[PDB]
Amino acid sequence: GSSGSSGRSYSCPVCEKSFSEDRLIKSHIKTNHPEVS
Ligand SMILES: [Zn+2]
């Protein structure tokens, strides 16, 4: 509902998980989610 906060963040639409780095989310999904994309 309340809208007033948005930026450039990389979220994991696979396991609704978040990461600090931008290269972590990429590798994570790759390994963690091998055939779940
Ligand atoms: Zn994930």
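Before reading on, note that the structure itself is shown above.
These notes cover the structure that comes with them. (Residues numbered from 1 in each chain as written, not as in the entry; some residues may be left out. Heavy atoms only, no water.)

1. Overview of the environment of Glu-21
Phase 1 of the analysis: Within the element layout of this structure, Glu-21 appears in the loop between β2 (17–18) and α1 (22–32).
Phase 2 of the analysis: Sequence spacing of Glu-21 and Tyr-10 is 11 residues, and the spatial spacing of their C-alpha atoms is 8.2 Å. (Helix = DSSP H or I, 4+ residues; strand = E, 2+ residues; numbered from the N terminus.)

2. Side note on the coordination of the zinc ion
Six octahedral donors around a metal ideally make angles of 90 or 180 degrees; four tetrahedral donors ideally make 109.5 degrees.
Phase 1 of the analysis: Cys-12 (SG), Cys-15 (SG), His-28 (NE2) and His-33 (NE2) make up the full set of protein donors to the zinc ion, lying at 2.0 to 2.2 Å.
Phase 2 of the analysis: Between consecutive donor residues of the zinc ion, the sequence gaps follow C-x2-C-x12-H-x4-H. No difference in accessibility class separates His-28 from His-33, as the two residues are buried. (Donors = N, O, S within 2.8 Å, 3.2 Å for Na, K, Ca; no water. Buried < 20%, exposed > 50% of the residue type's maximum accessible area, 1.4 Å probe, protein only.)

3. Quick look at α1
Phase 1 of the analysis: For α1, every residue scored as buried is listed here: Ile-25, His-28 and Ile-29. The buried residues of α1 occupy one face: seen down the axis, they fall within an arc of 90 degrees. When the buried face of α1 is taken as reference, the exposed residues oriented beyond 90 degrees from it are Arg-23, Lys-26, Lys-30 and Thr-31.
Phase 2 of the analysis: Buried positions along α1 lie against β1 (11–12) and β2. (Arc of directions from axis to C-beta. Contact = heavy atoms within 4.5 Å.)

4. Re the side chain of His-33
Phase 1 of the analysis: Structurally, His-33 can be placed in the segment after α1.
Phase 2 of the analysis: Under the relative-accessibility criterion, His-33 is labelled buried at 11%.
Phase 3 of the analysis: For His-33, the side chain forms a polar contact with the side chain of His-28, separated by 3.2 Å. (Polar contact = N/O pair within 3.5 Å; in protein donor to acceptor, adjacent residues only side chain to side chain.)

5. Looking at unusual backbone geometry
Phase 1 of the analysis: One non-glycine residue, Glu-16, lies in the positive phi region at around 40 degrees.
Phase 2 of the analysis: One can find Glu-16 in the loop between β1 and β2.

By themselves, these figures tell us nothing about what the structure is for.
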